[PDB]
>>> print(open('run_4.json').read())   # JSON, C-alpha atoms and all ligand atoms
[["chain", "number", "residue", "atom", "x", "y", "z"],
["A", 1, "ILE", "CA", -2.86, 1.47, -11.11],
["A", 2, "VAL", "CA", -5.14, 0.66, -14.05],
["A", 3, "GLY", "CA", -7.74, 3.24, -15.09],
["A", 4, "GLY", "CA", -6.53, 5.88, -12.65],
["A", 5, "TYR", "CA", -5.20, 9.41, -12.98],
["A", 6, "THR", "CA", -1.94, 11.26, -12.43],
["A", 7, "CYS", "CA", -2.02, 12.27, -8.77],
["A", 8, "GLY", "CA", 0.15, 15.36, -9.06],
["A", 9, "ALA", "CA", 3.56, 15.77, -7.47],
["A", 10, "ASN", "CA", 3.62, 15.25, -3.70],
["A", 11, "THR", "CA", -0.17, 15.30, -3.40],
["A", 12, "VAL", "CA", -0.03, 11.92, -1.58],
["A", 13, "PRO", "CA", 2.63, 12.87, 0.95],
["A", 14, "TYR", "CA", 2.53, 9.60, 2.92],
["A", 15, "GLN", "CA", 3.20, 7.46, -0.19],
["A", 16, "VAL", "CA", 6.64, 5.92, -0.26],
["A", 17, "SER", "CA", 8.52, 3.88, -2.85],
["A", 18, "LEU", "CA", 10.56, 0.91, -1.63],
["A", 19, "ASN", "CA", 13.73, 0.68, -3.68],
["A", 20, "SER", "CA", 16.32, -2.10, -3.91],
["A", 21, "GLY", "CA", 18.06, -0.77, -7.02],
["A", 22, "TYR", "CA", 14.63, -0.12, -8.56],
["A", 23, "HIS", "CA", 11.11, 0.52, -7.30],
["A", 24, "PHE", "CA", 9.45, -2.74, -6.21],
["A", 25, "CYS", "CA", 6.64, -1.84, -3.78],
["A", 26, "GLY", "CA", 4.75, 1.00, -2.21],
["A", 27, "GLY", "CA", 4.25, 1.77, 1.46],
["A", 28, "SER", "CA", 2.79, 4.38, 3.80],
["A", 29, "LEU", "CA", 4.64, 6.64, 6.23],
["A", 30, "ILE", "CA", 2.92, 6.39, 9.63],
["A", 31, "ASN", "CA", 5.38, 8.42, 11.71],
["A", 32, "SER", "CA", 8.80, 9.97, 11.19],
["A", 33, "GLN", "CA", 10.56, 6.60, 11.63],
["A", 34, "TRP", "CA", 8.12, 3.94, 10.40],
["A", 35, "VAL", "CA", 6.52, 2.73, 7.20],
["A", 36, "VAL", "CA", 3.64, 0.23, 6.77],
["A", 37, "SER", "CA", 3.75, -2.04, 3.72],
["A", 38, "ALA", "CA", 2.69, -5.55, 2.66],
["A", 39, "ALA", "CA", 4.47, -8.60, 4.06],
["A", 40, "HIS", "CA", 4.74, -9.89, 0.49],
["A", 41, "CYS", "CA", 7.04, -6.87, -0.12],
["A", 42, "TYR", "CA", 9.63, -8.25, 2.33],
["A", 43, "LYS", "CA", 13.25, -8.39, 1.19],
["A", 44, "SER", "CA", 16.57, -7.23, 2.63],
["A", 45, "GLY", "CA", 18.42, -4.12, 1.42],
["A", 46, "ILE", "CA", 15.46, -1.76, 1.27],
["A", 47, "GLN", "CA", 15.88, 1.96, 0.76],
["A", 48, "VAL", "CA", 12.76, 3.95, 1.55],
["A", 49, "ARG", "CA", 12.16, 6.82, -0.88],
["A", 50, "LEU", "CA", 9.93, 9.58, 0.45],
["A", 51, "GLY", "CA", 8.75, 12.73, -1.32],
["A", 52, "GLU", "CA", 8.69, 10.99, -4.72],
["A", 53, "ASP", "CA", 6.73, 11.84, -7.80],
["A", 54, "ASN", "CA", 8.79, 10.77, -10.81],
["A", 55, "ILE", "CA", 10.72, 7.78, -9.45],
["A", 56, "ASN", "CA", 13.28, 8.05, -12.28],
["A", 57, "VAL", "CA", 14.20, 11.74, -11.80],
["A", 58, "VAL", "CA", 15.55, 13.59, -8.76],
["A", 59, "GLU", "CA", 13.05, 16.47, -8.59],
["A", 60, "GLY", "CA", 14.12, 18.02, -5.28],
["A", 61, "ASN", "CA", 11.65, 16.91, -2.60],
["A", 62, "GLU", "CA", 12.93, 13.37, -2.07],
["A", 63, "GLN", "CA", 14.37, 11.85, 1.08],
["A", 64, "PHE", "CA", 16.22, 8.57, 0.62],
["A", 65, "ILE", "CA", 16.59, 6.64, 3.89],
["A", 66, "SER", "CA", 17.71, 3.03, 4.29],
["A", 67, "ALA", "CA", 15.70, 0.61, 6.42],
["A", 68, "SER", "CA", 17.28, -0.44, 9.70],
["A", 69, "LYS", "CA", 14.77, -3.23, 10.39],
["A", 70, "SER", "CA", 11.79, -4.91, 8.82],
["A", 71, "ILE", "CA", 9.14, -6.72, 10.87],
["A", 72, "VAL", "CA", 6.80, -9.03, 8.99],
["A", 73, "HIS", "CA", 3.58, -9.79, 10.88],
["A", 74, "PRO", "CA", 4.11, -12.86, 13.09],
["A", 75, "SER", "CA", 1.11, -14.62, 11.53],
["A", 76, "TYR", "CA", 1.72, -13.76, 7.87],
["A", 77, "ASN", "CA", 1.00, -16.73, 5.62],
["A", 78, "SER", "CA", 2.54, -16.25, 2.17],
["A", 79, "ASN", "CA", 0.33, -18.91, 0.57],
["A", 80, "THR", "CA", -3.02, -17.41, 1.62],
["A", 81, "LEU", "CA", -1.76, -13.84, 2.11],
["A", 82, "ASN", "CA", -3.51, -13.75, 5.48],
["A", 83, "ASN", "CA", -1.99, -10.98, 7.63],
["A", 84, "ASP", "CA", -0.22, -9.36, 4.67],
["A", 85, "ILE", "CA", 1.39, -6.53, 6.59],
["A", 86, "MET", "CA", 4.96, -5.48, 7.42],
["A", 87, "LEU", "CA", 6.57, -2.60, 9.35],
["A", 88, "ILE", "CA", 9.81, -0.99, 8.20],
["A", 89, "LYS", "CA", 11.90, 1.21, 10.48],
["A", 90, "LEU", "CA", 14.01, 3.97, 8.96],
["A", 91, "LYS", "CA", 17.68, 4.33, 9.94],
["A", 92, "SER", "CA", 17.05, 8.04, 10.54],
["A", 93, "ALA", "CA", 13.86, 10.04, 11.01],
["A", 94, "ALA", "CA", 12.25, 11.61, 7.95],
["A", 95, "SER", "CA", 11.94, 15.38, 7.95],
["A", 96, "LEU", "CA", 8.19, 16.02, 7.94],
["A", 97, "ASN", "CA", 6.77, 18.82, 5.81],
["A", 98, "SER", "CA", 3.78, 19.41, 3.45],
["A", 99, "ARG", "CA", 5.21, 17.01, 0.86],
["A", 100, "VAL", "CA", 6.40, 14.32, 3.26],
["A", 101, "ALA", "CA", 3.83, 13.54, 5.92],
["A", 102, "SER", "CA", 2.52, 10.64, 7.94],
["A", 103, "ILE", "CA", -0.97, 9.17, 7.51],
["A", 104, "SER", "CA", -3.21, 8.49, 10.50],
["A", 105, "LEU", "CA", -4.03, 4.95, 11.54],
["A", 106, "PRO", "CA", -7.74, 4.14, 11.77],
["A", 107, "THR", "CA", -9.69, 4.38, 15.03],
["A", 108, "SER", "CA", -12.41, 2.15, 13.55],
["A", 109, "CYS", "CA", -12.81, -0.02, 10.46],
["A", 110, "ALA", "CA", -14.29, 1.55, 7.32],
["A", 111, "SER", "CA", -17.59, 0.26, 5.92],
["A", 112, "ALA", "CA", -18.54, -0.96, 2.47],
["A", 113, "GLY", "CA", -19.38, 2.04, 0.32],
["A", 114, "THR", "CA", -16.66, 4.22, 1.87],
["A", 115, "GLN", "CA", -14.71, 6.14, -0.76],
["A", 116, "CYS", "CA", -10.95, 5.69, -0.69],
["A", 117, "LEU", "CA", -7.80, 6.77, -2.50],
["A", 118, "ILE", "CA", -5.44, 4.07, -3.77],
["A", 119, "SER", "CA", -2.05, 5.04, -5.18],
["A", 120, "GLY", "CA", 1.13, 3.64, -6.63],
["A", 121, "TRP", "CA", 3.67, 3.23, -9.41],
["A", 122, "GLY", "CA", 2.36, -0.16, -10.56],
["A", 123, "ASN", "CA", 1.36, -1.39, -14.00],
["A", 124, "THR", "CA", -1.20, 0.78, -15.78],
["A", 125, "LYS", "CA", -2.33, -1.98, -18.21],
["A", 126, "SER", "CA", -4.69, -4.92, -17.54],
["A", 127, "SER", "CA", -3.47, -6.76, -20.63],
["A", 128, "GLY", "CA", 0.16, -5.98, -21.37],
["A", 129, "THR", "CA", 2.65, -3.94, -19.40],
["A", 130, "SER", "CA", 3.42, -0.27, -18.88],
["A", 131, "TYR", "CA", 5.02, 1.11, -15.75],
["A", 132, "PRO", "CA", 4.63, 4.80, -15.03],
["A", 133, "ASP", "CA", 7.25, 7.23, -13.81],
["A", 134, "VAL", "CA", 4.89, 9.47, -11.86],
["A", 135, "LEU", "CA", 2.51, 8.50, -9.10],
["A", 136, "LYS", "CA", -0.94, 7.28, -10.15],
["A", 137, "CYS", "CA", -4.14, 7.51, -8.15],
["A", 138, "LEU", "CA", -7.54, 5.83, -8.12],
["A", 139, "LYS", "CA", -10.69, 6.70, -6.21],
["A", 140, "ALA", "CA", -12.52, 3.48, -5.32],
["A", 141, "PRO", "CA", -15.19, 2.32, -2.89],
["A", 142, "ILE", "CA", -14.88, -0.48, -0.38],
["A", 143, "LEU", "CA", -17.06, -3.43, -1.44],
["A", 144, "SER", "CA", -19.32, -5.49, 0.81],
["A", 145, "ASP", "CA", -17.95, -8.58, 2.49],
["A", 146, "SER", "CA", -20.59, -10.70, 0.74],
["A", 147, "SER", "CA", -19.60, -9.42, -2.71],
["A", 148, "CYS", "CA", -15.88, -9.80, -1.93],
["A", 149, "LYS", "CA", -16.47, -13.42, -0.87],
["A", 150, "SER", "CA", -18.67, -14.05, -3.91],
["A", 151, "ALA", "CA", -15.85, -12.83, -6.17],
["A", 152, "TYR", "CA", -13.19, -14.91, -4.41],
["A", 153, "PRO", "CA", -14.83, -17.97, -2.83],
["A", 154, "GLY", "CA", -12.68, -19.59, -0.17],
["A", 155, "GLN", "CA", -10.03, -16.84, -0.16],
["A", 156, "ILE", "CA", -11.28, -13.83, 1.83],
["A", 157, "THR", "CA", -10.31, -13.84, 5.49],
["A", 158, "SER", "CA", -11.41, -11.46, 8.25],
["A", 159, "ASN", "CA", -8.13, -9.59, 7.60],
["A", 160, "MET", "CA", -9.03, -8.67, 4.01],
["A", 161, "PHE", "CA", -11.45, -6.43, 2.18],
["A", 162, "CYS", "CA", -12.22, -5.78, -1.46],
["A", 163, "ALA", "CA", -12.31, -2.36, -3.06],
["A", 164, "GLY", "CA", -12.86, -1.20, -6.60],
["A", 165, "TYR", "CA", -15.29, -1.91, -9.37],
["A", 166, "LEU", "CA", -16.93, -5.23, -10.21],
["A", 167, "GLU", "CA", -17.38, -4.07, -13.81],
["A", 168, "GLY", "CA", -13.59, -3.99, -14.25],
["A", 169, "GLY", "CA", -11.37, -1.33, -15.77],
["A", 170, "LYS", "CA", -10.17, 0.40, -12.58],
["A", 171, "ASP", "CA", -7.90, -1.35, -10.05],
["A", 172, "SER", "CA", -4.49, -1.51, -8.46],
["A", 173, "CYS", "CA", -1.99, -3.86, -10.10],
["A", 174, "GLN", "CA", 1.52, -5.39, -9.95],
["A", 175, "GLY", "CA", 3.97, -2.85, -8.49],
["A", 176, "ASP", "CA", 1.28, -1.16, -6.38],
["A", 177, "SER", "CA", 1.85, -3.87, -3.72],
["A", 178, "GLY", "CA", 2.24, -2.52, -0.22],
["A", 179, "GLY", "CA", 0.79, 0.89, -1.02],
["A", 180, "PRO", "CA", -1.99, 2.81, 0.69],
["A", 181, "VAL", "CA", -5.75, 2.71, 0.65],
["A", 182, "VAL", "CA", -6.76, 5.89, 2.47],
["A", 183, "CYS", "CA", -10.35, 6.70, 3.34],
["A", 184, "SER", "CA", -11.43, 9.90, 5.06],
["A", 185, "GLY", "CA", -7.80, 10.62, 5.95],
["A", 186, "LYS", "CA", -7.11, 7.22, 7.59],
["A", 187, "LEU", "CA", -5.01, 4.31, 6.35],
["A", 188, "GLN", "CA", -7.59, 1.53, 5.99],
["A", 189, "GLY", "CA", -5.91, -0.78, 3.52],
["A", 190, "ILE", "CA", -2.69, -2.06, 2.03],
["A", 191, "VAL", "CA", -2.48, -3.21, -1.60],
["A", 192, "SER", "CA", -2.32, -7.00, -1.26],
["A", 193, "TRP", "CA", -3.62, -9.15, -4.14],
["A", 194, "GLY", "CA", -6.20, -9.89, -6.82],
["A", 195, "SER", "CA", -6.62, -12.14, -9.84],
["A", 196, "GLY", "CA", -5.02, -10.21, -12.71],
["A", 197, "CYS", "CA", -5.86, -6.48, -12.62],
["A", 198, "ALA", "CA", -9.03, -4.59, -13.47],
["A", 199, "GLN", "CA", -10.82, -7.78, -14.54],
["A", 200, "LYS", "CA", -14.59, -8.09, -14.34],
["A", 201, "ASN", "CA", -15.75, -9.57, -11.01],
["A", 202, "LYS", "CA", -12.15, -9.69, -9.72],
["A", 203, "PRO", "CA", -11.72, -6.60, -7.55],
["A", 204, "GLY", "CA", -8.61, -5.67, -5.61],
["A", 205, "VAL", "CA", -8.05, -7.28, -2.23],
["A", 206, "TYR", "CA", -6.51, -5.24, 0.57],
["A", 207, "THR", "CA", -5.12, -5.91, 4.03],
["A", 208, "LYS", "CA", -7.58, -4.70, 6.68],
["A", 209, "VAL", "CA", -5.37, -2.24, 8.58],
["A", 210, "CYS", "CA", -7.84, -1.57, 11.40],
["A", 211, "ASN", "CA", -7.24, -5.14, 12.65],
["A", 212, "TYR", "CA", -3.54, -4.36, 13.15],
["A", 213, "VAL", "CA", -3.54, -1.05, 15.00],
["A", 214, "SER", "CA", -2.72, -2.61, 18.37],
["A", 215, "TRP", "CA", 0.15, -4.63, 16.87],
["A", 216, "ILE", "CA", 1.49, -1.59, 15.01],
["A", 217, "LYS", "CA", 1.41, 0.62, 18.10],
["A", 218, "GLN", "CA", 3.00, -1.91, 20.45],
["A", 219, "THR", "CA", 5.65, -2.86, 17.86],
["A", 220, "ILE", "CA", 6.62, 0.78, 17.39],
["A", 221, "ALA", "CA", 6.66, 1.31, 21.18],
["A", 222, "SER", "CA", 9.32, -1.40, 21.66],
["A", 223, "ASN", "CA", 11.43, -1.15, 18.49],
["B", 1, "LIG", "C1", 0.30, -7.93, -6.64],
["B", 1, "LIG", "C2", -1.11, -7.46, -6.99],
["B", 1, "LIG", "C3", -2.00, -8.31, -7.64],
["B", 1, "LIG", "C4", -3.29, -7.87, -7.96],
["B", 1, "LIG", "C5", -3.70, -6.57, -7.64],
["B", 1, "LIG", "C6", -5.11, -6.12, -7.99],
["B", 1, "LIG", "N1", -5.72, -6.61, -9.04],
["B", 1, "LIG", "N2", -5.65, -5.27, -7.21],
["B", 1, "LIG", "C7", -2.81, -5.71, -6.99],
["B", 1, "LIG", "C8", -1.53, -6.16, -6.67],
["B", 1, "LIG", "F1", -0.69, -5.33, -6.07],
["B", 2, "CA", "CA", 12.10, 11.46, -7.92]]
>>> encode(input="run_4.json", output="structure tokens", more="lines below")
Ligand SMILES: Cc1ccc(C(=N)N)cc1F
Ligand SMILES: [Ca+2]
Amino acid sequence: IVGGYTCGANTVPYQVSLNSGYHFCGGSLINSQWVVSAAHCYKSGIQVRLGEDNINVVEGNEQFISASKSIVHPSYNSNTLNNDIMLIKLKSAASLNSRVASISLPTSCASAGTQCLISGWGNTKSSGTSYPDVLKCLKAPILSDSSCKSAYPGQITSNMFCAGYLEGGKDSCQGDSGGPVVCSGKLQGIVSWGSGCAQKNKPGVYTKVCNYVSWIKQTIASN
């Protein structure tokens, strides 16, 4: 997250870190057994880390649970990033409490102008590299479809939305991949892509979660 703020420990209780020896992606806990992330975060040997603030220090509220299965969306295209969404099932159920909690799926899609919270352990620099230990947060509005398409001609599908600031300076970034965009207490987006980070007229692009609620529910119901 570039141009954000320190969230505060366990203040984003649905935020997970995906770890394969090191943090490599975020994700969102959606029930005691399942995490939503980006398809571009797929790899084998994932350990889901819940209750994290400082990802380098065991602070006492963590739960570390290995994935039993990952399910990349059947229509994910890694070239275009269309349908950039994955489900990860935990080998055992997380213990839910104030600091480890699931986030609601949307009942309807969120409109341009809606204020959201984006979070992660990604790069905090737009030129250069600095990776934080503690969770970073950014408040950002959803942008209009027309402005999103103007920023990224030929690249925005019906399964994507832009959020952030056309002026630059505030954005998600590398390492935030797969993490949440939460608006009015609903998971509306997944950190997906963008050209660089926090660049003028190059806002963040996010997977449009509301398009996937049926798939998520029926996948969970049978897996
Ligand atoms: C992998 C990646 C690329 C760009 C952005 C962004 N500028 N929002 C975020 C990301 F997670
Ligand atoms: Ca920790």
>>> residues_around(input="run_4.json", residues="segment 75-91 of chain A", least_positions_apart="6", cutoff="10 Å", atoms="all atoms listed in the file", output="count of residues only")
47
>>> closest_residue(input="run_4.json", among="A:108, A:15, A:214, A:63", to="ligand CA 2 (chain B)", atoms="only C-alpha atoms and all ligand atoms")
A:63
>>> residues_near_ligand(input="run_4.json", ligand="ligand LIG 1 (chain B)", cutoff="9 Å", atoms="all atoms listed in the file", output="MDAnalysis selection string")
chainID A and resid 1:2 25 40 122 126 162:164 171:179 190:199 202:206
>>> residues_near_ligand(input="run_4.json", ligand="ligand CA 2 (chain B)", cutoff="8 Å", atoms="all atoms listed in the file", output="PyMOL selection string")
chain A and resi 51-62
>>> closest_residue(input="run_4.json", among="A:92, A:137, A:43, A:73", to="residue 11 of chain A", atoms="only C-alpha atoms")
A:137
>>> atom_distance(input="run_4.json", atom1="atom CA of residue 94 of chain A", atom2="atom CA of residue 210 of chain A")
24.3 Å
>>> closest_residue(input="run_4.json", among="A:72, A:96, A:150, A:130", to="residue 215 of chain A", atoms="all atoms listed in the file")
A:72
>>> atom_distance(input="run_4.json", atom1="atom CA of residue 97 of chain A", atom2="atom CA of residue 118 of chain A")
21.4 Å
>>> axis_aligned_box(input="run_4.json", around="segment 106-109 of chain A", padding_each_side="8 Å", output="JSON")
{"center_x": -10.3, "center_y": 2.2, "center_z": 12.7, "size_x": 21.1, "size_y": 20.4, "size_z": 20.6}
>>> residues_near_point(input="run_4.json", point="(-12.9, -0.7, 8.1)", cutoff="6 Å", atoms="only C-alpha atoms", output="PyMOL selection string")
chain A and resi 109-111
>>> atom_distance(input="run_4.json", atom1="atom CA of residue 115 of chain A", atom2="atom CA of residue 128 of chain A")
28.2 Å
>>> closest_residue(input="run_4.json", among="A:170, A:218, A:129, A:201", to="residue 149 of chain A", atoms="only C-alpha atoms")
A:201
>>> residues_near_point(input="run_4.json", point="(-19.1, 1.0, 1.7)", cutoff="8 Å", atoms="all atoms listed in the file", output="NGL selection string")
:A and (110-115 or 141-144)
>>> write_last_selection(input="run_4.json", atoms="C-alpha atoms", output="compact mmCIF listing (two decimals), keeping the file's coordinate frame")
# COMPACT_ATOMS: atom_id res chain seq x y z
CA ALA A 110 -14.29 1.55 7.32
CA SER A 111 -17.59 0.26 5.92
CA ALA A 112 -18.54 -0.96 2.47
CA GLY A 113 -19.38 2.04 0.32
CA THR A 114 -16.66 4.22 1.87
CA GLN A 115 -14.71 6.14 -0.76
CA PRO A 141 -15.19 2.32 -2.89
CA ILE A 142 -14.88 -0.48 -0.38
CA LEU A 143 -17.06 -3.43 -1.44
CA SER A 144 -19.32 -5.49 0.81
